[PDB]
Amino acid sequence: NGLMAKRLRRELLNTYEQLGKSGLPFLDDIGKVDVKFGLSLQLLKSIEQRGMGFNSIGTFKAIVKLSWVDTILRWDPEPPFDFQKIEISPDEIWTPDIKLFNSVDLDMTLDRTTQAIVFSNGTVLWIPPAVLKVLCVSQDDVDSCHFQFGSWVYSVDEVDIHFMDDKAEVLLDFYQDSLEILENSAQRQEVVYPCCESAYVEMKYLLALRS
Amino acid sequence: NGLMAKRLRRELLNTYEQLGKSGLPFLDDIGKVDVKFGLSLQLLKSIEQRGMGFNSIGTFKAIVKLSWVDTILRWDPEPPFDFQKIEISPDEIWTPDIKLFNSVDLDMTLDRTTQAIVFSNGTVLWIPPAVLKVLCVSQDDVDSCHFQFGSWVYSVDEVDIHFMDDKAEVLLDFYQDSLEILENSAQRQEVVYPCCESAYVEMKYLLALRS
Amino acid sequence: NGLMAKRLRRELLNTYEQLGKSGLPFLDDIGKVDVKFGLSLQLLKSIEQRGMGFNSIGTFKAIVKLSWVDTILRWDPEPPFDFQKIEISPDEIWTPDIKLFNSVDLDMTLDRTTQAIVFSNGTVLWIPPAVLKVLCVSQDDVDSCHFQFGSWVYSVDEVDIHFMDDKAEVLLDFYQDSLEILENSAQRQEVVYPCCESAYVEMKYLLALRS
Amino acid sequence: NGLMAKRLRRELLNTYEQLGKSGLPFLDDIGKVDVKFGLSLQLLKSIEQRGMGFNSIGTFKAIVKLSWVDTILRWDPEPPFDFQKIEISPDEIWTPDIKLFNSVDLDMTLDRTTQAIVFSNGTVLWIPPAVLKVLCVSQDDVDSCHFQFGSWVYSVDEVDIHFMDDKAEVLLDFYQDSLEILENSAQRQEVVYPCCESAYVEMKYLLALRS
Amino acid sequence: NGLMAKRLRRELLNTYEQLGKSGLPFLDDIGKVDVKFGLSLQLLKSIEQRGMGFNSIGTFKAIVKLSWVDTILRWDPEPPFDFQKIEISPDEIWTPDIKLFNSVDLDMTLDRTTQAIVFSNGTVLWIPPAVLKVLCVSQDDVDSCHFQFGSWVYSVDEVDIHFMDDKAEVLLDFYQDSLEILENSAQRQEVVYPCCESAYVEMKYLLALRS
Ligand SMILES: *[C@@H]1O[C@H](CO)[C@@H](O[C@@H]2O[C@H](CO)[C@@H](O)[C@H](O)[C@H]2NC(C)=O)[C@H](O)[C@H]1NC(C)=O
Ligand SMILES: *[C@@H]1O[C@H](CO)[C@@H](O[C@@H]2O[C@H](CO)[C@@H](O)[C@H](O)[C@H]2NC(C)=O)[C@H](O)[C@H]1NC(C)=O
Ligand SMILES: OCC[C@H]1C[C@@H]1c1cncc(OC[C@@H]2CCN2)c1
Ligand SMILES: OCC[C@H]1C[C@@H]1c1cncc(OC[C@@H]2CCN2)c1
Ligand SMILES: OCC[C@H]1C[C@@H]1c1cncc(OC[C@@H]2CCN2)c1
Ligand SMILES: OCC[C@H]1C[C@@H]1c1cncc(OC[C@@H]2CCN2)c1
Ligand SMILES: OCC[C@H]1C[C@@H]1c1cncc(OC[C@@H]2CCN2)c1
Ligand SMILES: *[C@@H]1O[C@H](CO)[C@@H](O)[C@H](O)[C@H]1NC(C)=O
Ligand SMILES: *[C@@H]1O[C@H](CO)[C@@H](O)[C@H](O)[C@H]1NC(C)=O
Ligand SMILES: *[C@@H]1O[C@H](CO)[C@@H](O)[C@H](O)[C@H]1NC(C)=O
């Protein structure tokens with residue numbers, strides 16, 4: 001039923017509307033969120049040399065694939081709110097504060113008009129299109145670019161990240177370009193800071209393209 | 001009478017103000033939304049070579065024509081609400097999440113200040129101007145460009161798309177440029193992905209222009 | 001008295017706050033809106049060749065002058081509401097949905113922080129600065145540009161447009177540039193479309209400039 | 001006391017929250033606002049030739065200094081509200097609709113996150129940073145640029161403007177550039193328009209720089 | 001407990017919600033806010049010569065680190081509010097109006113989507129990424145740039161600023177560029193203004209890079 005589906009959304013989102021979206025998505029014991037992160041390359045927009053040196057600015061279009069469990073967005077799918085999945089705006093719920101650290105701008109831009117899909121068991125899946133602008137090295141007909149992602153404020157004991165389907169590389173399921181990928185690897189690291197306290201989880205991708 | 005027109009709109013939008021705009025537009029049994037889609041080209045803004053390769057970024061001006069039925073927005077066209085149609089802002093109703101997938105930016109931009117028209121039988125007509133920026137091949141005095149459109153999170157079970165007026169082509173009813181058109185064809189496909197389960201309707205246009 | 005003037009505005013705008021700003025500005029019998037339209041050129045920002053052909057993109061600074069009657073905004077100018085006119089934001093009332101159809105971008109941009117003035121008889125005068133970007137033909141040291149304006153959704157029986165002061169030309173009352181104007185003509189047309197039924201009013205300007 | 005300072009602000013702003021920010025800032029008899037206006041040049045971002053002619057677009061960074069009396073924002077500075085001044089957001093109060101008339105863009109951009117200061121007598125001081133883009137004449141190694149400011153809708157009987165400290169010149173208290181200034185002049189004018197009936201006050205600046 | 005954390009946030013923010021974010025963060029006796037400021041360079045986006053002179057515009061990506069005590073955001077960390085710290089959006093609490101004075105645009109842009117952390121003793125820590133655009137001198141293969149920061153409206157008796165960790169220099173804990181740093185120093189100044197009354201705290205950084 002269509003009414004129940006909307007009443008169900010209002011039901012789940014009501015917590016977030018009354019207490020806000022800030023803070024880890026647990027009402028009971030505060031646990032650890034495990035984010036599944038995937039990066040699917042679509043195309044290169046431009047590679048522009050910085051000055052007359054061997055660095056350059058690479059602008060890419062990609063799809064950022066995110067998944068996590070939100071304890072607050074749970075229901076039992078039995079009459080009449082008997083659905084396995086529901087569509088929700090990412091601006092109406094908690095979302096990981098995942099940033100592109102080495103962004104040449106403030107951050108990557110994600111299309112937040114892109115809806116997320118919430119399952120009965122609380123598993124959120126959010127797959128926004130994305131624009132990424134980073135500093136590359138352009139030397140000997142090769143453009144090598146790094147991409148660095150992680151939660152800004154949450155440590156490993158609060159937000160953790162692992163590669164989707166444990167593939168430590170740029171995914172090519174959405175690839176639509178003609179460029180030759182010379183190199184494609186990634187890495188999960190736990191990094192400590194002179195500014196802060198604990199370890200933080202960062203996914204570091206390395207991409208190299210034939211120029 | 002202008003009061004009744006406004007009262008009508010308010011009473012129709014009551015449901016959306018209470019339950020939100022997310023989710024398929026049905027209150028009773030949840031069906032399948034069928035969107036009629038039309039791409040009307042107006043003009044080329046620019047075509048810029050990417051680096052010194054054979055690809056380029058094409059930036060276009062177009063009119064995107066969309067129609068579908070919204071069961072929630074139905075009335076009895078008899079006094080004092082004898083109106084055939086009513087004008088609505090698309091930010092007050094559900095709209096299909098149709099994106100330009102091969103967008104070199106986050107997505108195409110639609111002018112969402114453009115008003116939609118809704119008839120008494122729940123048929124919605126929305127015709128927003130649009131800006132489209134896609135990757136083209138520029139070779140042999142011809143520029144070939146592709147436009148890929150589809151609902152982002154909805155499968156063919158939920159949102160289906162068909163060419164408006166069975167015309168599988170870029171429409172030229174708003175054409176205002178001086179460029180020579182060499183190829184113009186489109187295709188409705190059903191696509192599966194490794195991220196997802198079911199089939200997704202994508203509309204793929206091919207446009208080639210004399211450089 | 002300043003309070004009363006503020007309270008008048010509140011009483012006038014109460015209808016729009018409660019009923020919405022969509023729909024023609026009549027609360028009794030629904031009539032036709034007659035819009036007076038004036039385009040006053042201020043200056044040329046740039047004219048840039050598109051590729052290596054005869055076409056170019058011209059970006060203009062202008063003042064768009066608009067006047068219409070809003071029945072909802074009328075009042076009897078007797079104490080304590082003895083004001084001949086009042087200033088209001090155009091985001092708080094109905095405004096005609098007039099677009100620059102042949103814009104190379106989504107549309108022209110009007111400055112909507114610019115206040116409108118409303119007279120006690122309901123006449124609205126709104127004169128927002130505007131940026132317009134169109135395709136031009138640059139050939140033989142002459143740049144020829146067109147501007148095409150119209151209500152997007154309302155036909156001639158709903159929203160009519162006429163040149164302000166019956167001057168079928170780009171107005172030069174705000175002109176402050178050094179360019180030599182070589183041609184300056186305009187025409188009001190009633191245009192029929194494929195997608196739609198009735199006739200739509202379009203104001204079409206031709207402006208030629210010494211390159 | 002910190003608490004009382006916030007209560008006072010809430011109490012002062014209550015009038016604008018109920019009645020709105022539109023309209024001259026008087027609750028008793030409507031008088032004349034006399035805006036004190038200063039333009040303080042910081043630096044030149046760029047001067048770029050338009051086409052191959054003698055005009056160019058000058059983009060400047062400046063501080064716009066504004067001051068006026070808002071009789072609605074007055075209080076008596078004795079306990080528990082014994083403050084000589086209070087900080088307020090300019091988007092919470094009436095501000096003069098002062099535009100850069102000869103902007104090449106829609107208008108100058110003022111930074112409206114910048115707080116204003118109100119003294120207990122109702123005098124408002126607001127000093128936002130600003131970006132200004134205008135037509136210049138670039139000839140004989142001199143760049144001559146004009147700046148024209150005024151209230152868009154209010155005549156001299158409603159909003160007057162005078163040079164801050166009666167300095168008819170671009171002010172150099174914030175000047176941080178290395179450019180040679182060759183002429184720095186200004187004039188306050190009462191201008192009569194055809195669209196309108198009374199006189200409007202315009203501040204006109206001439207600034208010439210060594211190219 | 002997760003719910004208890006959200007309720008704590010709602011309790012802390014109620015003051016700001018009922019009373020507003022404007023004004024120094026004290027509910028009792030108004031005192032001085034002492035801000036710790038750190039500037040961490042990440043990379044150079046670009047440096048573009050202005051005209052054909054010895055100046056240029058440098059565009060930098062950095063991390064701005066701010067810390068200060070907000071007396072309003074204090075709680076006793078005993079059950080059931082036994083949390084040492086909580087994340088809060090910076091648009092929900094007072095933040096110092098610290099500006100990049102010598103910005104070539106309106107201001108530096110800070111990523112305000114970035115959450116701040118508040119500890120139970122009222123200490124706020126906020127570390128937004130930032131883009132900074134300033135005037136530089138490009139001479140003898142050296143690009144020398146200045147950065148000037150301070151509170152816009154608050155004097156030394158209201159908002160003070162000191163170098164975070166007493167490091168009077170640009171910090172390199174986030175530095176991801178390949179550029180050679182020639183000069184790196186900074187200085188806390190107390191500056192009296194002619195437009196105004198008291199003394200203002202400004203942080204002035206000097207950075208020279210190899211071209
Ligand atoms: C308020 O609480 C904060 C958070 O603990 C204190 O910040 C600490 O500062 C000390 C001195 O440098 C550091 O050694 C600690 O590591 C900091 N704490 C953390 C967890 O980051 C701050 O000092 C406290 N202020 C007081 C004492 O009132
Ligand atoms: C409202 O109060 C303010 C503050 O007292 C007055 O502004 C000051 O005026 C004195 C004397 O003219 C000057 O020396 C100061 O420079 C002013 N302070 C600032 C920073 O503006 C103001 O004149 C009063 N307004 C009126 C209309 O009397
Ligand atoms: O340790 C006390 C507070 C801790 C949570 C702090 C924080 C706030 N903002 C940014 C932070 O950066 C952590 C690393 C750097 C990028 N992730 C930490
Ligand atoms: O497979 C189960 C969930 C299904 C709804 C999912 C989804 C969420 N976000 C984006 C999606 O993309 C679908 C196709 C690929 C691009 N459109 C799917
Ligand atoms: O008769 C069917 C509805 C009619 C009102 C429709 C409509 C909606 N959006 C845009 C429209 O365009 C009309 C002309 C072309 C641009 N103005 C029409
Ligand atoms: O004649 C009475 C109306 C008067 C207030 C009108 C108005 C509205 N919008 C813009 C206006 O321009 C006035 C001059 C030109 C720019 N300042 C006037
Ligand atoms: O002196 C009385 C008022 C004082 C608070 C004023 C103010 C308002 N806006 C900006 C200001 O600038 C102060 C210096 C210049 C940059 N910081 C001051
Ligand atoms: C929740 O549902 C999704 C898809 O239905 C499934 O992949 C996921 O494992 C489920 N969560 C659990 C652990 O039951
Ligand atoms: C609803 O109305 C429009 C125009 O009145 C028409 O084109 C459409 O087919 C109608 N739908 C049905 C099923 O009657
Ligand atoms: C309404 O009043 C104004 C001010 O006198 C006048 O100029 C305008 O023409 C009037 N409108 C009509 C439609 O008569």
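Letters A, B, ... are given to chains in the order of the sequence lines, protein chains preceding strands, and every chain is numbered from 1.
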*Answer yes or no: is there a side-chain heavy-atom contact under 4.5 Å between A/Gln176 and B/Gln148?*
yes
*Side chain, backbone, both or neither of B/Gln49 within contact of chain A (heavy atoms, under 4.5 Å)*: neither
_Please classify the contact between A/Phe174 and chain B as side chain, backbone, both or neither, with a heavy-atom cut-off of under 4.5 Å._
side chain
_Is it the case that over 12 heavy atoms from other parts of the model lie below 6.0 angstrom from the CD atom of B/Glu17?_
yes
*Mind checking whether B/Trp152 and A/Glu87 have side chains closer than 4.5 Å, heavy atoms only?*
no
*Measure across A/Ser178 and B/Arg50 and return the closest heavy-atom pair with its distance rounded to 0.1 Å.*
OG-NH2, 4.2 Å
*Could you tell me which portion of A/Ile117 (side chain, backbone, both or neither) has an atom closer than 4.5 angstrom to a non-hydrogen atom of chain B?*
side chain
*Any chance OH of A/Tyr175 has more than 12 other-residue heavy atoms, nucleotides or ligands included, within less than 6.0 Å?*
yes
*B/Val153 vs A/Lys85 side-chain heavy atoms within contact, under 4.5 Å*: no
*Looking only at heavy atoms, what is the nearest atom pair of A/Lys6 and B/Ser22, with distance?*
NZ-O, 2.8 Å
*asked:* What residues of residues 89-111 of chain B make heavy-atom contacts with chain A at a cutoff under 4.5 angstrom?
replied: B/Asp97, B/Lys99, B/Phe101, B/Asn102, B/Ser103, B/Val104, B/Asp105, B/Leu106, B/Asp107
*asked:* Taking every non-hydrogen pair under 4.5 Å, which of A/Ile47, A/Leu179, A/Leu125 racks up the most with chain B?
replied: A/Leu179
_Just checking B/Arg7: does its CZ atom have more than 12 heavy atoms from other residues, nucleotides or ligands closer to it than 6.0 angstrom?_
no
*asked:* How about CG on B/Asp157, more than 12 heavy atoms from neighbouring residues, nucleotides or ligands closer than 6.0 Å, or not?
replied: yes
*Can you name the closest pair of heavy atoms from A/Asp177 and B/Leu135 and give their distance?*
OD1-CD2, 3.7 Å
_Identified side-chain contact (heavy atoms from CB on, under 4.5 Å) partner of A/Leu3 from the options B/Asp28, B/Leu27, B/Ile30_ = B/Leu27
*Residues of residues 183-211 of chain B under 4.5 Å from chain A (heavy atom pairs)?*
B/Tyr193, B/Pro194, B/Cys195
*Please look at A/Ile127 and chain B and tell me whether the side chain, the backbone, both or neither of the residue comes under 4.5 angstrom of a heavy atom of that chain.*
both
*chain A contact via B/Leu19 - which portion, at a heavy-atom distance below 4.5 Å*: both
*Return the option, out of A/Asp165, A/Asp173, A/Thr113, A/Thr114, with the maximum number of heavy-atom pairs under 4.5 Å with chain B.*
A/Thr114
